[PDB]
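**Student:**
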Amino acid sequence: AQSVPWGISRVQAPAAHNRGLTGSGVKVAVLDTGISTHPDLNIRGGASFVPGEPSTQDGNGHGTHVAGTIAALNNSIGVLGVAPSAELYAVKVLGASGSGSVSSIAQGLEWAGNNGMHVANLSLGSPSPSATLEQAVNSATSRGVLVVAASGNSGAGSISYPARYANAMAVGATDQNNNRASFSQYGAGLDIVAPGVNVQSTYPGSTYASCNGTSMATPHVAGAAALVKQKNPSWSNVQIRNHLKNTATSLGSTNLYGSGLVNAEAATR
Ligand SMILES: *Cc1ccc(-c2ccc(C)cn2)nc1
Ligand SMILES: [Ca+2]
Numbered sequence: 001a002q003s004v005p006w007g008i009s010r011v012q013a014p015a016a017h018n019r020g021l022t023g024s025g026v027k028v029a030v031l032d033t034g035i036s037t038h039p040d041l042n043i044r045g046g047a048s049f050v051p052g053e054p055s056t057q058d059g060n061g062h063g064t065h066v067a068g069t070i071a072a073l074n075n076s077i078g079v080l081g082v083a084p085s086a087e088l089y090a091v092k093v094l095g096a097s098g099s100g101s102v103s104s105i106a107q108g109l110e111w112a113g114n115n116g117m118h119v120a121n122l123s124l125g126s127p128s129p130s131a132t133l134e135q136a137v138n139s140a141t142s143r144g145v146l147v148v149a150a151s152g153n154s155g156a157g158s159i160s161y162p163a164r165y166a167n168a169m170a171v172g173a174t175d176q177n178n179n180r181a182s183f184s185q186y187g188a189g190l191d192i193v194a195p196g197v198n199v200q201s202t203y204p205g206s207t208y209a210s211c212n213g214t215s216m217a218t219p220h221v222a223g224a225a226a227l228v229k230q231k232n233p234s235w236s237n238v239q240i241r242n243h244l245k246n247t248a249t250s251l252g253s254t255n256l257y258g259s260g261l262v263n264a265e266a267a268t269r
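Position one of the sequence shown corresponds to residue 1 (our numbering), numbered consecutively onward.
1. Can you tell me whether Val-238 is buried or exposed, with buried defined as 16 or more other CB within 10 angstroms of its CB?
2. Along the chain, where does the alpha helix (DSSP H) that runs through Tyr-203 open and close?
3. Tell me the rounded alpha-carbon separation between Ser-206 and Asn-74.
4. Tell me the DSSP secondary structure of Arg-180 in three-state form.
5. Rounded to whole angstroms, what's the CA-CA distance from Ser-101 to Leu-94? Just pull it up for me.
6. Flag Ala-222 as yes when its Cβ comes closer than 7 Å to any non-hydrogen atom of ligand 1, and as no otherwise.
7. What does the alpha-carbon distance come out to for the pair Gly-25 and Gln-2?
8. From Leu-41, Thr-33, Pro-14, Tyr-161, pick the residue whose C-alpha is nearest to that of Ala-47; which is it?
9. Given this structure, state the Cα-to-Cα distance separating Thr-69 from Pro-129, to the nearest angstrom.
10. So, is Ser-9 buried or exposed, given that buried needs 16 or more other C-beta atoms within 10 angstroms?
11. Under the three-state reduction of DSSP, which class applies to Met-117: helix, strand or coil?
12. Give me the Cα-Cα distance between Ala-15 and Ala-266, rounded to the nearest whole angstrom.
13. Pull up the DSSP beta-bridge partners for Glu-87, would you.
14. Just verifying my parser: in three-state terms, what is the DSSP assignment at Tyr-161?
15. What's the gap between the Cα of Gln-57 and the Cα of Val-199?
16. So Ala-226 and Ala-86 are in contact, right, with Cβ under 8 Å, and what is the actual spacing, rounded?
17. Who are the near neighbours of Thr-202 in its chain, counting only those whose CB is closer than 7 Å to its CB and skipping five residues on each side?
18. Check whether the Cβ of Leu-73 sits closer than 7 Å to any heavy atom of ligand 2, and report yes or no.
19. By DSSP's criteria, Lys-92 is part of a beta bridge. Which residues make up the other side?
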C-alpha cells in the first residue's frame with residue numbers, strides 16, 4: 001500500500017499528478033549525502049565528490065530522505081514524491097557524517113551544469129558566505145540549473161548560504177498549521193516555504209522515516225519546479241522560480257515566508 005505524506009498533499013502535488021504532470025523528462029540533482037538504492041526510488045545516475053566515498057550510495061540517510069520527497073515512485077508501496085517521474089541524480093557532496101566542503105558542493109554544482117540538470121536540490125548550508133560556493137551557484141545558474149537551497153535550522157531572522165545568494169531559491173519550513181517552523185531561518189533572501197515538520201520519506205535499509213528540517217522543505221520546491229518544467233518545457237530557471245513564487249499562497253508575512261507556501265496546483269494550472 002502507498003500513502004501520501006501530509007506535505008505532498010499540502011503542496012497540492014496530487015492535483016498536478018491528476019493533470020498528467022509528474023516531472024517526466026526533468027533532471028533533478030540531489031546534492032547531498034548520496035541516495036541509496038530503494039524500491040521506491042529510481043536513481044538514474046550521479047557522481048561523488050567526497051574523497052573516500054566513491055559510490056553515490058547514502059551512508060547517512062539524509063540524501064535518501066530528501067530524494068524521496070522529490071521523487072518517491074507512484075506505485076503500490078511506500079510514499080509518493082512531488083515529482084514521482086523526475087529523473088533523479090545522486091550527487092554526493094556530503095559524507096556519511098553529513099559534512100562536506102565548499103569545494104565538494106561546488107564540484108557537485110559544476111557537475112549539474114555540465115550534465116544538463118534542470119534543478120539542483122541543496123538541503124545544506126552554513127552561516128558564512130563562500131566565494132567558491134557562490135561562483136558555482138552562479139555558474140550552474142548560467143547553465144540553466146535552478147538551484148533550490150534550504151534556509152537553515154537556526155531559527156534566526158537571516159538565512160544560510162548558499163540559500164542567501166540571489167541565484168539560489170531559498171526555502172524555509174512550515175508546519176501543519178501553515179506557521180513557520182520554530183527552527184526555520186527567515187529574512188532577506190527568503191523566496192518561499194514548504195512543509196518541513198514530520199515529513200515521512202524514503203530511508204536506507206529499504207524503509208521510511210520522518211524528519212524535521214528546512215532540508216525537508218527544500219525538496220518539495222525542487223519537485224514543484226520539476227512539475228512546472230514538464231508543463232512548460234521552454235521555460236528557464238528564472239521563469240520557473242518566478243512562477244512558483246507568483247503562484248504561492250501568502251502565509252501573511254514576507255519576512256517570515258517569502259512568497260508563501262508553494263502550490264503545485266496553482267503553478268501547473
Ligand atoms: C545536525 C543534523 C542531524 C540530523 C539531520 C537529519 C537527519 C535525518 C533526516 C531525515 C533529517 N535530518 N540534519 C542535521
Ligand atoms: Ca511509492
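We put the beta carbon where it would ideally sit given N, CA and C, even for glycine.
**Tutor:** With the given structure in hand:
1. exposed
2. Where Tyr-203 is concerned, there is no enclosing alpha helix (DSSP H), although the beta strand (DSSP E) it sits in stretches over 199-203.
3. 16 Å
4. strand
5. 8 Å
6. no
7. 23 Å
8. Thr-33
9. 27 Å
10. exposed
11. coil
12. 9 Å
13. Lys-27
14. strand
15. 21 Å
16. 5 Å
17. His-38, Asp-40, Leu-41, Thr-64, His-65, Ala-67, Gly-68, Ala-72, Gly-78, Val-79, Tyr-208
18. yes
19. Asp-32, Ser-48
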